[PDB]
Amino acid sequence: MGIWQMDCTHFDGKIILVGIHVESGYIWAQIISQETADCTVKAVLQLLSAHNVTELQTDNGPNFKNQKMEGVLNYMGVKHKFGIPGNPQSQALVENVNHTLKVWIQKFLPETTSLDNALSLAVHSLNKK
């Protein structure tokens, strides 16, 4: 169906952008430098370039809902659905991903050499098959 649901989450002061491909459950995540509109759109545009996205479901905060993001999503032909943080219409799935992801990161932290490596293993655990 091409719907992705995204949010940022925080881990020890680092910012992690997370997406779930709604129809399959596939999880994507990347550490991003700052929680800002510019940094968020840069990371989203490249996800959009790599995957065939028809709709993006986000919260309504200034990092996901702003004129730059609006322009990118309109140029890319992506419908934008949004609502308050944690809302069940556009954020239910990724909220629960974020809770689970960060438990896995905690599990892998002592088993890895960096947060980025712990994140990769956490995402692999969520995607495991």
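In this text, residue numbers run from 1 along the sequence as written.
### Query
Looking at the entry, does 77-85 or 35-43 show the higher mean C-alpha B-factor?
Per the PDB entry, the higher value belongs to 35-43.
### Query
Averaged over C-alpha atoms, is the B-factor higher for 94-102 or for 51-59 in this PDB entry?
According to the PDB entry, the answer is 51-59.
### Query
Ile3's Cα B-factor: lowest, middle or highest third of the chain?
CA B-factor rank for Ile3: highest third.
### For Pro110, the third of its chain into which the C-alpha B factor falls
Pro110: CA B-factor falls in the middle third of its chain.
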